[PDB]
S.K.: 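Let me begin by handing over the structure; questions about it come next.
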Amino acid sequence: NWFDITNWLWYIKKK
Amino acid sequence: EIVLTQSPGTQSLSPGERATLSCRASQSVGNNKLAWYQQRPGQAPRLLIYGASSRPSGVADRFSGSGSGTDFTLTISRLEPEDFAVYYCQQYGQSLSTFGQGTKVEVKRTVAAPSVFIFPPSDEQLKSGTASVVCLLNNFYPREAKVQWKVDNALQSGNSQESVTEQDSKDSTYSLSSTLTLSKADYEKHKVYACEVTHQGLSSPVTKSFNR
Amino acid sequence: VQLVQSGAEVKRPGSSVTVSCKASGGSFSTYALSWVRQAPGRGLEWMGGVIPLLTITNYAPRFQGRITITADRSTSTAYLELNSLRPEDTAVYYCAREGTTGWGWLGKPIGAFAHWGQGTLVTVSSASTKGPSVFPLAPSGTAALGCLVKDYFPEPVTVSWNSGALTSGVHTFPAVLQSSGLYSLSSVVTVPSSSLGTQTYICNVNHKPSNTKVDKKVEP
């Protein structure tokens with residue numbers, strides 16, 4: 001789901 | 001492709017009442033990624049609910065969302081004046097996002113027949129080679145109405161157009177304008193110009209007419 | 001977060017349109033930007049979107065082959081291009097960006113569209129700019145009167161009465177698009193019959209694109 005991409009992005013850029 | 005069905009497409013309710021709006025999906029919506037938006041005439045839509053039931057800060061807590069799978073509901077606990085608007089659901093649980101066709105929540109009021117008025121062409125316009133005849137159906141409820149043009153009692157087709165205003169914010173009525181357009185030469189071939197109106201508030205069709 | 005779009009545009013059938021959307025506030029690069037259109041009187045339709053940092057576009061099958069969405073991180077601007085335009089592409093096009101949770105605008109993305117541009121009306125037509133003729137709808141306890149604003153292009157036209165002093169009982173109708181490809185609209189007002197002697201009624205019509213500004217006195 002393309003709509004989930006930014007959430008993963010947000011998570012991996014915190015750490 | 002997920003088809004979202006919002007049915008009914010209109011709901012007539014009174015201020016202070018509860019409203020529950022249905023969104024049914026043709027297939028299960030992934031992770032309940034179902035949003036609801038409000039749109040008023042002339043404005044961009046505004047997000048009310050996301051993830052089926054989450055509400056942004058800023059959004060009135062009289063809006064709540066529920067459901068999962070294929071069966072979703074927007075609830076408005078008590079309708080304020082500004083809640084009369086169009087509501088759309090949207091799924092984004094697949095890369096192909098889709099919207100429902102919208103449900104218009106409008107103000108229910110007592111039935112009101114149109115006041116009907118017919119306007120012949122202006123002499124100004126007639127000088128220019130064209131004749132437009134206008135029929136006004138004013139301040140009626142509910143929205144459903146019909147007008148038929150007759151010229152020397154012959155039913156007209158293809159030479160008229162109409163539009164309807166938004167529900168009036170003060171009296172909750174609608175109005176409709178229809179224009180019949182002919183060349184001046186064709187206009188001058190006939191005598192009687194009539195608009196015939198049908199509406200729930202009229203026990204039989206009303207005709208206004210003039211004789212050229 | 002605010003999205004500001006480019007202005008209304010008239011395009012010829014078969015042409016391509018480009019609409020822009022400048023974001024300011026929050027992060028441009030890591031949030032999903034979509035385009036959603038609405039044909040006049042119809043519903044919202046999602047067209048596609050882009051995640052700029054990744055240059056990952058996602059297009060509705062219905063527009064795959066006609067659409068290009070791009071993002072320019074140097075200006076925080078997103079672009080919709082739509083080709084091979086046809087009358088049915090006449091619509092308001094909105095950009096919209098996903099919301100975020102919590103305080104500020106750098107929170108966790110929610111997918112759903114919290115932030116909307118003001119919209120851009122794209123009218124697909126072969127018509128040329130034309131100012132309307134303004135014709136009285138003369139009045140015959142209550143009388144109706146109005147003005148017919150006929151044959152203009154493109155939208156919009158605005159109408160007031162007595163320079164904005166008369167609003168009660170005024171109905172200004174949506175324009176209809178005639179077979180000529182020119183628009184026409186009507187504005188009416190109802191008033192007490194006895195005011196027709198004592199009071200002047202003037203419709204103030206404004207069509208900026210043709211600079212038609214007519215103040216038509218309507219009388220019995």
Side-chain angles (χ1 to χ4, degrees), chain B residues 1 6 33-37 39 43-47 49-51 54 56-58 86 88 90 92-93 95-102 115-125 128 130 132 134 136 138-139 158-166 168 170 173-179 181, chain C residues 3 32 34 36 38 41-46 48-49 58-62 92 94 96 98-99 101-103 110-119 133-140 142-146 148 150-151 168-169 171-179 184-188 190 216:
Chain B
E1 189 187 342
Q6 293 183 254
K33 299 301 176 79
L34 193 293
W36 289 93
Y37 304 83
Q39 186 176 38
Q43 295 175 15
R46 178 169 69 96
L47 176 70
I49 295 295
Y50 65 93
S54 300
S57 78
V86 186
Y88 292 99
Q90 180 214 4
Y92 53 103
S95 294
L96 175 45
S97 182
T98 53
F99 285 95
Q101 292 315 307
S115 299
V116 187
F117 302 89
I118 184 160
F119 295 99
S122 70
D123 286 322
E124 293 98 298
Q125 189 183 23
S128 75
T130 299
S132 307
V134 170
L136 164 68
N138 208 48
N139 299 357
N159 56 4
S160 70
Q161 296 186 283
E162 55 177 53
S163 60
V164 182
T165 53
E166 295 303 323
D168 186 88
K170 180 79 178 296
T173 65
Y174 294 92
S175 296
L176 179 156
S177 182
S178 188
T179 304
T181 311
Chain C
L3 308 178
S34 287
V36 174
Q38 182 163 48
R42 305 288 306 285
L44 302 173
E45 180 171 28
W46 177 83
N58 169 26
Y59 303 144
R62 187 160 174 246
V92 182
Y94 300 96
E98 64 186 331
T101 54
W103 278 340
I110 69 181
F113 312 145
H115 316 296
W116 290 79
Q118 83 284 14
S133 288
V134 181
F135 304 127
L137 298 168
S140 166
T142 294
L145 57 95
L148 173 54
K150 193 184 194 312
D151 292 341
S168 275
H171 297 304
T172 293
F173 292 92
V176 291
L177 178 56
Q178 300 163 105
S179 66
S184 173
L185 75 68
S186 73
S187 182
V188 313
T190 54
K216 190 85 190 196

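Any value given below was found using the heavy atoms of this structure, including those in side chains, with hydrogens, waters and symmetry copies removed. So that the names make sense, note that chain A is the first sequence line, chain B the second, and so on, each numbered from 1.
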S.K.: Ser54(B) versus chain C, heavy atoms under 4.5 Å apart: side chain, backbone, both or neither?
M.R.: neither
S.K.: Need one label for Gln43(B): side chain, backbone, both or neither, based on atoms under 4.5 Å from any heavy atom in chain C.
M.R.: backbone
S.K.: Below 4.5 Å from any heavy atom of chain B, which atoms of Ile110(C) appear? Answer side chain, backbone, both or neither.
M.R.: both
S.K.: Just wondering, do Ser132(B) and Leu148(C) contact through their side chains at under 4.5 Å, heavy atoms?
M.R.: yes
S.K.: Among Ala144(C), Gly43(C), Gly111(C), single out the residue with the greatest number of heavy-atom pairs under 4.5 Å to chain B.
M.R.: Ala144(C)
S.K.: For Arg42(C) versus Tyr88(B), what's the shortest heavy-atom pair and its separation?
M.R.: O-OH, 3.8 Å
S.K.: Below 4.5 Å, heavy atoms only, C-beta onward: do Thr181(B) and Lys150(C) meet side chain to side chain?
M.R.: yes
S.K.: Do you know which of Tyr59(C), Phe173(C), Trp46(C) has the most heavy-atom pairs with chain B at a distance under 4.5 angstrom?
M.R.: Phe173(C)
S.K.: Counting only heavy atoms closer than 4.5 Å, note whether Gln178(C) contacts chain B via side chain, backbone, both or neither.
M.R.: both
S.K.: To the nearest 0.5 Å, what is the distance between CD1 on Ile118(B) and CG on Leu137(C)?
M.R.: 11.5 Å
S.K.: Regarding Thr165(B) and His171(C), do their side chains bring together a donor and an acceptor under 3.5 Å, going by distance alone?
M.R.: no
S.K.: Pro45(B) and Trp116(C): which non-hydrogen atoms are nearest, and at how many Å?
M.R.: O-CD1, 3.3 Å
S.K.: Please find the pair of heavy atoms, one from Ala112(C) and one from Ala35(B), that lie closest to each other, and give the distance.
M.R.: CB-CB, 3.8 Å
S.K.: Under 3.5 Å, is there a donor-acceptor pair between the side chain of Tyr37(B) and the main chain of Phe113(C)?
M.R.: yes
S.K.: Is it the backbone or the side chain of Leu96(B) that comes under 4.5 Å from a heavy atom of chain C, or both, or neither?
M.R.: both
S.K.: Checking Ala138(C) against chain B: side chain, backbone, both or neither under 4.5 Å from a heavy atom?
M.R.: backbone
S.K.: Answer yes or no: is there a donor N or O on one side and an acceptor on the other, between the side chain of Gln161(B) and the main chain of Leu177(C), under 3.5 Å?
M.R.: yes
S.K.: Could you pull out the closest heavy-atom pair between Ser128(B) and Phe135(C), with the gap in Å?
M.R.: OG-CZ, 4.4 Å
S.K.: Using non-hydrogen atoms and a 4.5 Å limit, figure out which bit of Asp168(B) sits close to chain C: side chain, backbone, both or neither.
M.R.: side chain
S.K.: What heavy-atom pair brings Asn58(C) and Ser95(B) nearest, and what distance separates the two atoms?
M.R.: ND2-O, 2.9 Å
S.K.: Please classify the contact of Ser175(B) with chain C as side chain, backbone, both or neither, using a heavy-atom distance under 4.5 Å.
M.R.: both
S.K.: Count the heavy-atom pairs under 4.5 Å between each of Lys170(B), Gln39(B), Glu162(B) and chain C, then report the option with the highest count.
M.R.: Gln39(B)
S.K.: Less than 4.5 Å to any heavy atom of chain B: does that hold for the side chain of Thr172(C), its backbone, both, or neither?
M.R.: backbone
S.K.: Would you check if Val36(C) and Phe99(B) make a side-chain contact, meaning some heavy-atom pair closer than 4.5 Å?
M.R.: yes
S.K.: Which atoms of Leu176(B) are under 4.5 Å from chain C, going by heavy atoms: the side chain, the backbone, both sets, or neither?
M.R.: backbone
S.K.: At a 4.5 Å cut-off on heavy atoms, which part of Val92(C) comes close to chain B: side chain, backbone, both, or neither?
M.R.: neither
S.K.: Could you check which of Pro121(B), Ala44(B), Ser97(B) has the highest count of heavy-atom pairs closer than 4.5 Å to chain C?
M.R.: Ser97(B)
S.K.: Sort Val86(B) into side chain, backbone, both or neither according to what part of it lies under 4.5 angstrom from a heavy atom of chain C.
M.R.: neither
S.K.: At what distance, to the nearest 0.5 angstrom, does CZ of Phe119(B) lie from CG of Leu145(C)?
M.R.: 6.5 Å
S.K.: Heavy-atom cut-off 4.5 Å, strictly under: side chain, backbone, both or neither for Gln118(C) against chain B?
M.R.: neither
S.K.: Please state whether the side chain, the backbone, both or neither of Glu124(B) comes within less than 4.5 Å of a heavy atom of chain C.
M.R.: both
S.K.: Calculate, to the nearest 0.5 Å, the distance between atoms CG and OG1 belonging to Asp151(C) and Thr130(B) respectively.
M.R.: 7.5 Å
